[PDB]
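Here's the structure we're looking at; comments come further down.
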Amino acid sequence: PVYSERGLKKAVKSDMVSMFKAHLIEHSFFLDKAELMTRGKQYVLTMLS
Amino acid sequence: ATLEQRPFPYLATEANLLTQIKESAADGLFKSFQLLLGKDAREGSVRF
Amino acid sequence: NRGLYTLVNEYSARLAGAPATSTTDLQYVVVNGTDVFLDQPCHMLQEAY
Amino acid sequence: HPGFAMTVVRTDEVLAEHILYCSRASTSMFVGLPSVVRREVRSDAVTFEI
Amino acid sequence: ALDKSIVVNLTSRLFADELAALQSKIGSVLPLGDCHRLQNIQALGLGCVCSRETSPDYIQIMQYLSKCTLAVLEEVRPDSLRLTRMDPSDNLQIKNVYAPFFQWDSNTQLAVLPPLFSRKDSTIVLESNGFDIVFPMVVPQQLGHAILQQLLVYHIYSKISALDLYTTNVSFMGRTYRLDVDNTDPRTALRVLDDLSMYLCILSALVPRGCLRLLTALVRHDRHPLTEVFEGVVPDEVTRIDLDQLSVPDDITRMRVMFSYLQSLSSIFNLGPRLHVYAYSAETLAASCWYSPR
Amino acid sequence: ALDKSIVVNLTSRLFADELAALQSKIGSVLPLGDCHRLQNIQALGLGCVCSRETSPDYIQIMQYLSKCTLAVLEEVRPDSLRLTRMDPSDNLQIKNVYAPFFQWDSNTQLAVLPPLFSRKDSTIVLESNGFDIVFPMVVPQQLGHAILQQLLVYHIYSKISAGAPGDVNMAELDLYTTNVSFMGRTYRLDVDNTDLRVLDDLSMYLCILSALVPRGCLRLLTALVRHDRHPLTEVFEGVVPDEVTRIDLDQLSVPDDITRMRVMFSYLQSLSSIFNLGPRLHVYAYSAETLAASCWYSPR
Amino acid sequence: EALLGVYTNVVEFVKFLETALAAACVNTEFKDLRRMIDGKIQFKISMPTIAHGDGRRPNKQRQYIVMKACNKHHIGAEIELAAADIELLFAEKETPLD
Amino acid sequence: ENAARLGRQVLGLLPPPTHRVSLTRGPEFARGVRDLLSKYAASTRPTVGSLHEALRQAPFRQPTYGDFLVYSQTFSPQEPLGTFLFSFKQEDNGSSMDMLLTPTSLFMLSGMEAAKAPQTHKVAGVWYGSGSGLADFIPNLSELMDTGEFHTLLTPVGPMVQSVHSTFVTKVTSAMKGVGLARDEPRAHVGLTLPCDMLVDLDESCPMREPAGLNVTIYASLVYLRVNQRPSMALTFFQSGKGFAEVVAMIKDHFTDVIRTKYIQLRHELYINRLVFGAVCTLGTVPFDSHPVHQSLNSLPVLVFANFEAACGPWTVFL
């Protein structure tokens, strides 16, 4: 809820839109990325939980 | 306003523009008691 | 044009705007919009990669 | 080179396997009772319906 | 007993617009694609074979209806659309709505047309689930042929430009009616028109010499009621064919092969399947009809 | 879910001579112009439309037969008759009297016709209610829908001789037209030596209906040009005559055509149904010497 | 030449409540869809607020009328039964072949 | 025993009584109406005993048949039991006489080429003579085809039921009106058998939508030609559940090849009987969504259907 506290005016809505973008790129298909990692279990757990 | 800039923005689309569609007879309640006019109603008197 | 809380309750259930078929050779338009299980995110963020 | 450049669009399909979470006590379920309706009467077999 | 039964489940509610467009129409005919109890919304109306961005025609869309079986509405609940189909021998009660109010009677002969008067009249909008439901129109013989009479006129005269009062208005006894023709797909209509030179050119060759001579005796001094279509003027060919002495068994064997092709015009001038009202009220508009597939 | 036995009211009794003439046939197919059985006699038969007074008409009578439910008799009673109502796929029984006789070959297509005969062996006078009972003409189809075949050419040349009496031979127009040849058994018609005029609603049309048939296919060919245009219309030049392709349209202009065209459009469908809409039966089991067959029907 | 076996296929009887998914939904001993055409339950949900000494004219607490519905879900199951099933369920009393 | 056991058939095979409800005598109206819903509550529930009393309710199932006669040489000595049956009539020889034609027969009535049917030519050669096997009894094979009169005398009949093959006369009981019940195998009906040479399908295309139903229609057609300047026909069948207005515009697209070479011929000669083309008959409606079962006989690939209601429309001319 911290990203929506001030209220959905015009500047907060569009900043949400470009916040989907960087999250759609990195944190999607997250299991497939987790086979090529140093850390491993603390990526899926930081994704799931 | 117009749906935004308000306390509790999730209950925006539920409370505002759904109840306008539905509330044509105000029937979301639980009927419990009736006031039958007299001992015998005969379906003619106004039942409360 | 509608507010985004409508857009979340619309994206999860409604079919796309004229999407493409699967399992056939060319990319046909879908007309039996009752069986294809696509969830395309090219709508909401309005993008092309 | 002709007198222009041009942009190209495709689409794509990806068969993904999805994770679905469902929290506790979100829906109230209402199981009815089954039925029988006979219809489409042939000579061999009558297709019943539940 | 048998129970034919069709009810349309829905995933998102009827709106206040499409309630009154459908609460008012409690009895009509609309097609189907598949025969079940249940049905998705994208198979009900005429809106499968026709759409807004696809340029419709006025032939194949009607010609599509001969494939389907067609159903009668029962109820409009805010979730579901309740229907029933037509058993090949069973009576029903249907009561039309249509804003071109036409007058039926008892012991009539009704068919079902696609809407040719106006599309926005018939195309209702469905803001909930997108897929429009275009209504077909229940129509008798006298109108149902007359617009098919009107069609095969106009799509010849669609090229004779390359106007409006002569070539589209439905000359009904009492009223005229402009159709809705700006942007069609007249190539299936172009087939039926070129299917007439298959007949009207070829029917002309074996016309007997005997009945043609009656035309020369007619327009001179023996004028009959409807025949003032000629307006006292012959066609040019009528004196150019009658050179034969009227040999009878020539014209006997001519009229047998002619008599074949008159039944062939049924296969090109078809309507949809046929309705048999026997009992009927005019003030109610309800009928009683059994199903005859045609 | 069945009751086909309809008792239809008279208002008095029959005559005396019309006992055995109505015992001469016991089963025939009569029309039934009322969905209810509580019914007068003044609505069952063809006397609701066709009688002495109305003009001799064919198409409305052709409209009427499939419009009207039929019924099959079982027994003649002095109070009333016995109609068994026609459903789709209905069993019935025929014991005929028809003048002239028409042989009932089984398993063919067996139609219902409008009559054109002499009306003495074709109707029975009821002055008990003012109602000539009109049995419909019941002839098998290859005879029946082609009974118009020999008559029509025999009918047209009488009209030209009614305005110019130096045109047509009589005894030669008789011979090929007065005798219908089918099955090898020749049948003679009824000639009407009174003065036919019932067929004014066909033959007077068909001469006007032969006017612009080789006129409509002039502009129709060169109209709607594509290379997707139909292939056989190039082949179908080998039918159309030579004088047909020599017509000038100087005589008739484009907005003048609209009344003259649509009439020729009109009778190329209204004529196509009245040879198709002849509702029709079939015999599965037939008896020859008894003339009591068991058969079935569906109106169409 | 011999026979060596016709073998049993068994359909695994797993209903809804026997899964672990029932810890997500709510299941009752409910009966009737055919009575109740789809109504609603009109919630009115109360609302805590912060009291603090504004220089503004502060917030009266608000009272949201909350709008829930039900959803009709049809399911149809299908059986064909041949003519031999129809008749010889009636006749009886012949022989060990019967 | 007869009153003991054979009654318990007819004590149970009866239709249900149309239940009688007393209007007057108010203490007997309620005794009536109570025993309706307890009879109706059976026909809802899917339990075991509730089922079989919803099965005595039955529609009208009675189509009638045809007792024919055949000169047993004109009968091919076997039949696949579900053929089509013609009945050719020109003149009665005796009192009760008949002649029948199968869809394997009519190939052998013109002496047509093997290009139009290279499948049943090897088949139907052993079944009959050499085209003259039916020319002994009809000297009007030409003049019906010459004047355009063969396409009217054939009366469509339907499928077989069972035929008794004898020394001189084969007794044939055909089927009409609908569902033809078989005899040797009860509870199964007469499977109508069409060859894979003669049925022409109408649906095949790229994937690219069509409505389903219970109604695909088999059409009986006839196409003229003149091979070797001799009069000769062509048995061709169809299968389409796509209405009447379409298929006459689709049979013409199928037989465009005949019409193109046809008016190459009569460009320079006029015979008025050479201008009529053909006719269509409707035989009945297979349930659309069923299977034409590819069955092999004597080779001879044959399609066979199930639950075939039958009808017969008039022969309708087309070009």
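Labeling convention for the structure tokens: chains A, B, ... as they appear, residues from 1 per chain, ligands from 1 in order of appearance.
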Checklist entry - Quick one: which residues from chain D are at most 12 Å off chain C, using only C-alpha atoms, as a PyMOL selection string? => result chain D and resi 7-16+18
Item to check | Backbone DSSP call of strand (DSSP E) for stretch 236-297 of chain H, listed as a list in words | outcome: residues 236, 237, 278, 279, 280, 281, 282, 283, 284, 285, 286, 293, 294, 295, 296 and 297 of chain H
Write the residues you've just listed into a file as a PDB file, in the first residue's frame, and include N, CA, C and O atoms for each of them.
```
ATOM      1  N   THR H 236     -24.757 -40.234 -59.443  1.00  0.00           N
ATOM      2  CA  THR H 236     -23.883 -39.528 -58.514  1.00  0.00           C
ATOM      3  C   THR H 236     -24.681 -39.182 -57.268  1.00  0.00           C
ATOM      4  O   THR H 236     -25.809 -38.692 -57.367  1.00  0.00           O
ATOM      5  N   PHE H 237     -24.099 -39.435 -56.106  1.00  0.00           N
ATOM      6  CA  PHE H 237     -24.739 -39.146 -54.832  1.00  0.00           C
ATOM      7  C   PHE H 237     -24.033 -37.975 -54.149  1.00  0.00           C
ATOM      8  O   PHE H 237     -23.039 -37.440 -54.646  1.00  0.00           O
ATOM      9  N   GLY H 278     -31.270 -32.154 -65.373  1.00  0.00           N
ATOM     10  CA  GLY H 278     -31.306 -33.180 -64.344  1.00  0.00           C
ATOM     11  C   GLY H 278     -32.331 -32.878 -63.277  1.00  0.00           C
ATOM     12  O   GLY H 278     -33.226 -32.057 -63.474  1.00  0.00           O
ATOM     13  N   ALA H 279     -32.193 -33.560 -62.138  1.00  0.00           N
ATOM     14  CA  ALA H 279     -33.137 -33.406 -61.042  1.00  0.00           C
ATOM     15  C   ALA H 279     -32.484 -33.830 -59.735  1.00  0.00           C
ATOM     16  O   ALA H 279     -31.458 -34.510 -59.725  1.00  0.00           O
ATOM     17  N   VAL H 280     -33.106 -33.425 -58.630  1.00  0.00           N
ATOM     18  CA  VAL H 280     -32.634 -33.716 -57.280  1.00  0.00           C
ATOM     19  C   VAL H 280     -33.742 -34.447 -56.540  1.00  0.00           C
ATOM     20  O   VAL H 280     -34.910 -34.050 -56.623  1.00  0.00           O
ATOM     21  N   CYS H 281     -33.392 -35.517 -55.832  1.00  0.00           N
ATOM     22  CA  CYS H 281     -34.290 -36.095 -54.847  1.00  0.00           C
ATOM     23  C   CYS H 281     -33.634 -36.103 -53.474  1.00  0.00           C
ATOM     24  O   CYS H 281     -32.421 -36.275 -53.345  1.00  0.00           O
ATOM     25  N   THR H 282     -34.462 -35.915 -52.450  1.00  0.00           N
ATOM     26  CA  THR H 282     -34.056 -35.974 -51.052  1.00  0.00           C
ATOM     27  C   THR H 282     -34.541 -37.293 -50.464  1.00  0.00           C
ATOM     28  O   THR H 282     -35.708 -37.660 -50.634  1.00  0.00           O
ATOM     29  N   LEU H 283     -33.650 -38.007 -49.780  1.00  0.00           N
ATOM     30  CA  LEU H 283     -33.985 -39.330 -49.284  1.00  0.00           C
ATOM     31  C   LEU H 283     -34.143 -39.408 -47.777  1.00  0.00           C
ATOM     32  O   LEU H 283     -34.826 -40.314 -47.295  1.00  0.00           O
ATOM     33  N   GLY H 284     -33.545 -38.502 -47.031  1.00  0.00           N
ATOM     34  CA  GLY H 284     -33.677 -38.534 -45.589  1.00  0.00           C
ATOM     35  C   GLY H 284     -32.491 -37.877 -44.925  1.00  0.00           C
ATOM     36  O   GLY H 284     -31.506 -37.513 -45.562  1.00  0.00           O
ATOM     37  N   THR H 285     -32.607 -37.724 -43.612  1.00  0.00           N
ATOM     38  CA  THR H 285     -31.674 -36.910 -42.842  1.00  0.00           C
ATOM     39  C   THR H 285     -30.939 -37.798 -41.846  1.00  0.00           C
ATOM     40  O   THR H 285     -31.506 -38.182 -40.817  1.00  0.00           O
ATOM     41  N   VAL H 286     -29.690 -38.125 -42.166  1.00  0.00           N
ATOM     42  CA  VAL H 286     -28.745 -38.662 -41.178  1.00  0.00           C
ATOM     43  C   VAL H 286     -28.540 -37.626 -40.084  1.00  0.00           C
ATOM     44  O   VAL H 286     -28.506 -36.415 -40.384  1.00  0.00           O
ATOM     45  N   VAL H 293     -19.582 -44.851 -41.649  1.00  0.00           N
ATOM     46  CA  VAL H 293     -18.629 -45.880 -41.246  1.00  0.00           C
ATOM     47  C   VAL H 293     -18.074 -46.559 -42.491  1.00  0.00           C
ATOM     48  O   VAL H 293     -18.813 -47.213 -43.235  1.00  0.00           O
ATOM     49  N   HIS H 294     -16.770 -46.402 -42.716  1.00  0.00           N
ATOM     50  CA  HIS H 294     -16.080 -47.009 -43.853  1.00  0.00           C
ATOM     51  C   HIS H 294     -16.027 -48.516 -43.643  1.00  0.00           C
ATOM     52  O   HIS H 294     -15.237 -49.016 -42.839  1.00  0.00           O
ATOM     53  N   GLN H 295     -16.869 -49.249 -44.364  1.00  0.00           N
ATOM     54  CA  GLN H 295     -16.935 -50.701 -44.272  1.00  0.00           C
ATOM     55  C   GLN H 295     -16.595 -51.299 -45.628  1.00  0.00           C
ATOM     56  O   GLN H 295     -17.089 -50.829 -46.658  1.00  0.00           O
ATOM     57  N   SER H 296     -15.755 -52.327 -45.633  1.00  0.00           N
ATOM     58  CA  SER H 296     -15.262 -52.924 -46.867  1.00  0.00           C
ATOM     59  C   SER H 296     -16.062 -54.177 -47.202  1.00  0.00           C
ATOM     60  O   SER H 296     -16.220 -55.063 -46.356  1.00  0.00           O
ATOM     61  N   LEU H 297     -16.565 -54.241 -48.434  1.00  0.00           N
ATOM     62  CA  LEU H 297     -17.289 -55.402 -48.941  1.00  0.00           C
ATOM     63  C   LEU H 297     -16.784 -55.681 -50.356  1.00  0.00           C
ATOM     64  O   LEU H 297     -15.793 -55.097 -50.804  1.00  0.00           O
TER      65      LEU H 297
END
```
Item to check | Residue list (alpha helix (DSSP H), DSSP) for stretch 84-261 of chain H, as number ranges by chain | outcome: H: 120-123, 141-146, 150-153, 244-254, 256-261
Export, as a compact mmCIF listing (two decimals), in the first residue's frame, the selected residues with N, CA, C and O atoms.
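See selection-v7.txt below for the written result:
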```
# COMPACT_ATOMS: atom_id res chain seq x y z
N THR H 120 -16.47 -49.11 -58.89
CA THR H 120 -17.52 -50.12 -58.95
C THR H 120 -17.60 -50.82 -60.30
O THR H 120 -18.43 -51.72 -60.46
N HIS H 121 -16.76 -50.44 -61.26
CA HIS H 121 -16.76 -51.11 -62.56
C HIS H 121 -16.23 -52.53 -62.44
O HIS H 121 -16.80 -53.47 -63.00
N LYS H 122 -15.13 -52.71 -61.70
CA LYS H 122 -14.67 -54.05 -61.36
C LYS H 122 -15.65 -54.75 -60.43
O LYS H 122 -15.82 -55.97 -60.51
N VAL H 123 -16.31 -53.99 -59.56
CA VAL H 123 -17.27 -54.57 -58.63
C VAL H 123 -18.51 -55.05 -59.37
O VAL H 123 -18.77 -56.25 -59.47
N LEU H 141 -34.16 -47.86 -73.12
CA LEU H 141 -33.05 -47.23 -72.42
C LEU H 141 -32.64 -45.93 -73.09
O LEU H 141 -32.28 -44.97 -72.41
N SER H 142 -32.70 -45.89 -74.42
CA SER H 142 -32.27 -44.70 -75.14
C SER H 142 -33.30 -43.59 -75.08
O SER H 142 -32.98 -42.47 -74.67
N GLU H 143 -34.55 -43.90 -75.45
CA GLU H 143 -35.55 -42.86 -75.67
C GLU H 143 -35.98 -42.15 -74.39
O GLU H 143 -36.48 -41.02 -74.46
N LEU H 144 -35.81 -42.78 -73.23
CA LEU H 144 -35.99 -42.05 -71.98
C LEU H 144 -34.85 -41.08 -71.76
O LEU H 144 -35.06 -39.95 -71.30
N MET H 145 -33.64 -41.51 -72.09
CA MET H 145 -32.47 -40.64 -72.03
C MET H 145 -32.42 -39.67 -73.20
O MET H 145 -31.87 -38.58 -73.06
N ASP H 146 -32.98 -40.06 -74.34
CA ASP H 146 -33.02 -39.18 -75.50
C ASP H 146 -33.96 -38.01 -75.27
O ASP H 146 -33.57 -36.84 -75.37
N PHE H 150 -36.02 -40.33 -68.44
CA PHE H 150 -35.61 -41.34 -67.46
C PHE H 150 -35.66 -40.80 -66.04
O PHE H 150 -35.90 -41.55 -65.10
N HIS H 151 -35.47 -39.49 -65.88
CA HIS H 151 -35.34 -38.87 -64.57
C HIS H 151 -36.69 -38.63 -63.88
O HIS H 151 -36.71 -37.96 -62.85
N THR H 152 -37.78 -39.13 -64.43
CA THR H 152 -39.10 -38.99 -63.83
C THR H 152 -39.74 -40.30 -63.44
O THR H 152 -40.56 -40.33 -62.52
N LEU H 153 -39.40 -41.39 -64.12
CA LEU H 153 -40.07 -42.66 -63.88
C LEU H 153 -39.52 -43.40 -62.67
O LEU H 153 -40.22 -44.27 -62.13
N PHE H 244 -31.16 -26.15 -48.84
CA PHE H 244 -31.49 -26.46 -50.23
C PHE H 244 -30.96 -25.45 -51.21
O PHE H 244 -30.60 -25.82 -52.34
N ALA H 245 -30.90 -24.17 -50.82
CA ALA H 245 -30.48 -23.13 -51.75
C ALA H 245 -28.99 -23.22 -52.05
O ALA H 245 -28.55 -22.79 -53.12
N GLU H 246 -28.20 -23.78 -51.14
CA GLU H 246 -26.76 -23.84 -51.36
C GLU H 246 -26.39 -24.93 -52.35
O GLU H 246 -25.62 -24.68 -53.28
N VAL H 247 -26.94 -26.13 -52.18
CA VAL H 247 -26.37 -27.31 -52.82
C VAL H 247 -26.69 -27.34 -54.31
O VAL H 247 -25.88 -27.82 -55.10
N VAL H 248 -27.84 -26.79 -54.72
CA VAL H 248 -28.09 -26.64 -56.16
C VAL H 248 -27.10 -25.66 -56.78
O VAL H 248 -26.63 -25.86 -57.89
N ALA H 249 -26.70 -24.63 -56.03
CA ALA H 249 -25.57 -23.83 -56.47
C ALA H 249 -24.22 -24.50 -56.21
O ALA H 249 -23.20 -23.97 -56.65
N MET H 250 -24.19 -25.64 -55.51
CA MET H 250 -22.96 -26.40 -55.30
C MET H 250 -22.85 -27.65 -56.15
O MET H 250 -21.74 -28.09 -56.44
N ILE H 251 -23.98 -28.27 -56.53
CA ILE H 251 -23.93 -29.37 -57.49
C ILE H 251 -23.50 -28.85 -58.86
O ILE H 251 -22.75 -29.52 -59.59
N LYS H 252 -23.92 -27.64 -59.21
CA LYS H 252 -23.51 -27.03 -60.47
C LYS H 252 -22.01 -26.73 -60.49
O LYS H 252 -21.38 -26.83 -61.55
N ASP H 253 -21.43 -26.39 -59.34
CA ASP H 253 -19.98 -26.23 -59.29
C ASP H 253 -19.27 -27.58 -59.34
O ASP H 253 -18.12 -27.66 -59.76
N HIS H 254 -19.95 -28.65 -58.91
CA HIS H 254 -19.38 -29.98 -59.01
C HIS H 254 -19.39 -30.48 -60.45
O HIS H 254 -18.41 -31.07 -60.92
N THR H 256 -19.61 -28.72 -63.31
CA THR H 256 -19.25 -27.74 -64.32
C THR H 256 -18.54 -28.40 -65.50
O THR H 256 -18.70 -27.96 -66.64
N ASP H 257 -17.80 -29.48 -65.23
CA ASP H 257 -17.02 -30.16 -66.26
C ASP H 257 -17.90 -30.77 -67.35
O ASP H 257 -17.46 -30.89 -68.50
N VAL H 258 -19.12 -31.15 -67.00
CA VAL H 258 -20.01 -31.71 -68.01
C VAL H 258 -20.56 -30.61 -68.91
O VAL H 258 -20.60 -30.77 -70.14
N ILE H 259 -20.93 -29.47 -68.33
CA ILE H 259 -21.66 -28.44 -69.06
C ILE H 259 -20.75 -27.72 -70.05
O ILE H 259 -21.20 -27.29 -71.11
N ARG H 260 -19.45 -27.64 -69.75
CA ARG H 260 -18.50 -26.97 -70.64
C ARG H 260 -18.35 -27.72 -71.96
O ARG H 260 -18.40 -27.11 -73.04
N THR H 261 -18.16 -29.04 -71.89
CA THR H 261 -18.08 -29.83 -73.11
C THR H 261 -19.44 -30.05 -73.75
O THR H 261 -19.50 -30.46 -74.91
```
Given only C-alpha atoms, how would the per-residue table for stretch 109-215 of chain E near stretch 67-82 of chain E read, listing every residue at most 12 Å away with its closest atom pair and distance in Å to one decimal, sorted by chain and number, as a Markdown table?
```
| residue | atom | partner | partner_atom | distance |
| --- | --- | --- | --- | --- |
| E:111 | CA | E:70 | CA | 11.5 |
| E:112 | CA | E:70 | CA | 9.6 |
| E:128 | CA | E:79 | CA | 11.7 |
| E:135 | CA | E:70 | CA | 11.7 |
| E:136 | CA | E:70 | CA | 10.2 |
| E:137 | CA | E:70 | CA | 12.0 |
| E:138 | CA | E:72 | CA | 11.3 |
```
Item to check | Near-residue F:118 list (9 Å; only C-alpha atoms; drop same-chain fewer than 6 positions) as a list in words | outcome: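 The neighbour list is residues 190, 191 and 192 of chain F.
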Item to check | Residue hits in chain A, query chain B, radius 7 Å, only C-alpha atoms, as a ChimeraX atom specification | outcome: /A:7-9
Produce a file of the selected residues containing C-alpha atoms, as a CSV table (one decimal), in the first residue's frame.
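Saved file out_7.csv follows:
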```csv
chain,number,residue,atom,x,y,z
A,7,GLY,CA,-4.0,9.2,-3.7
A,8,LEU,CA,-4.3,8.2,-7.4
A,9,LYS,CA,-3.6,11.5,-9.1
```
Checklist entry - Can you tell me, as JSON, numbers by chain, what residues are no more than 10 Å from residue G:34 when counting only C-alpha atoms, ignoring any on the same chain fewer than 2 positions away? => result {"D": [32, 33], "G": [31, 32, 36, 37]}
Write the selection just made, keeping C-alpha atoms, as an mmCIF file, in the first residue's frame?
```cif
data_model
loop_
_atom_site.group_PDB
_atom_site.id
_atom_site.type_symbol
_atom_site.label_atom_id
_atom_site.label_comp_id
_atom_site.auth_asym_id
_atom_site.auth_seq_id
_atom_site.Cartn_x
_atom_site.Cartn_y
_atom_site.Cartn_z
ATOM 1 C CA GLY D 32 -27.080 -27.932 -5.471
ATOM 2 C CA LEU D 33 -28.744 -31.218 -6.328
ATOM 3 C CA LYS G 31 -29.579 -27.170 -1.383
ATOM 4 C CA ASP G 32 -31.405 -24.712 -3.597
ATOM 5 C CA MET G 36 -33.380 -18.221 -5.778
ATOM 6 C CA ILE G 37 -32.868 -16.117 -8.860
#
```
Checklist entry - What lies within 10 Å of residue E:227 using only C-alpha atoms, ignoring chain neighbours under 6 positions off, as a PyMOL selection string? => result (chain E and resi 218-219) or (chain F and resi 204-205+208+260+263)
Next on the checklist: Report as number ranges by chain all protein, DNA and RNA residues lying within 7 Å of residue D:38, evaluated on only C-alpha atoms, omitting residues in the same chain fewer than 3 positions from it.
Outcome noted: D: 47-49; E: 2-3
Next on the checklist: Should the cut-off be 10 Å, what would the residue list for chain C against chain H look like, counting only C-alpha atoms, as an MDAnalysis selection string?
Outcome noted: chainID C and resid 24:26 28:32
Writing out the chosen residues with N, CA, C and O atoms as an mmCIF file, in the first residue's frame:
```
data_model
loop_
_atom_site.group_PDB
_atom_site.id
_atom_site.type_symbol
_atom_site.label_atom_id
_atom_site.label_comp_id
_atom_site.auth_asym_id
_atom_site.auth_seq_id
_atom_site.Cartn_x
_atom_site.Cartn_y
_atom_site.Cartn_z
ATOM 1 N N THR C 24 -2.631 -24.240 -35.125
ATOM 2 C CA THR C 24 -2.790 -24.248 -36.566
ATOM 3 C C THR C 24 -1.576 -23.586 -37.186
ATOM 4 O O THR C 24 -0.746 -23.007 -36.492
ATOM 5 N N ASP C 25 -1.481 -23.670 -38.511
ATOM 6 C CA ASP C 25 -0.226 -23.340 -39.174
ATOM 7 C C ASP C 25 0.006 -21.841 -39.214
ATOM 8 O O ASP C 25 0.938 -21.327 -38.588
ATOM 9 N N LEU C 26 -0.842 -21.116 -39.923
ATOM 10 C CA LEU C 26 -0.682 -19.677 -39.929
ATOM 11 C C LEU C 26 -1.336 -19.080 -38.694
ATOM 12 O O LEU C 26 -2.149 -19.716 -38.019
ATOM 13 N N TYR C 28 -3.980 -17.505 -37.434
ATOM 14 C CA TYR C 28 -5.333 -17.112 -37.785
ATOM 15 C C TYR C 28 -5.924 -16.233 -36.696
ATOM 16 O O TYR C 28 -5.427 -16.176 -35.570
ATOM 17 N N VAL C 29 -6.980 -15.511 -37.055
ATOM 18 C CA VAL C 29 -7.757 -14.815 -36.045
ATOM 19 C C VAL C 29 -8.616 -15.842 -35.317
ATOM 20 O O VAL C 29 -9.007 -16.871 -35.882
ATOM 21 N N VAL C 30 -8.845 -15.621 -34.047
ATOM 22 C CA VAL C 30 -9.691 -16.534 -33.296
ATOM 23 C C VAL C 30 -11.130 -16.060 -33.419
ATOM 24 O O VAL C 30 -11.413 -14.857 -33.398
ATOM 25 N N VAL C 31 -12.036 -17.005 -33.663
ATOM 26 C CA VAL C 31 -13.452 -16.690 -33.795
ATOM 27 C C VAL C 31 -14.208 -17.574 -32.814
ATOM 28 O O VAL C 31 -15.274 -17.205 -32.312
ATOM 29 N N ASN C 32 -13.630 -18.729 -32.492
ATOM 30 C CA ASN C 32 -14.109 -19.554 -31.392
ATOM 31 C C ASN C 32 -13.360 -19.076 -30.160
ATOM 32 O O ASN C 32 -12.460 -19.738 -29.641
#
```
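Among the candidates G:81, G:14, G:20, G:65, the one nearest to residue B:19 when counting only C-alpha atoms is G:65.
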Next on the checklist: With distances taken over only C-alpha atoms, which residue among H:109, H:11, H:138, H:175 lies nearest residue H:231?
Outcome noted: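 Ranked by minimum distance to residue H:231, first place goes to H:109.
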Item to check | Atom pair atom CA of residue H:308 / atom CA of residue H:213: separation (Å) | outcome: 14.5 Å
Next on the checklist: As an exercise, work out the distance from atom CA of residue E:289 to atom CA of residue E:89 in Å and give it to one decimal place.
Outcome noted: 9.4 Å
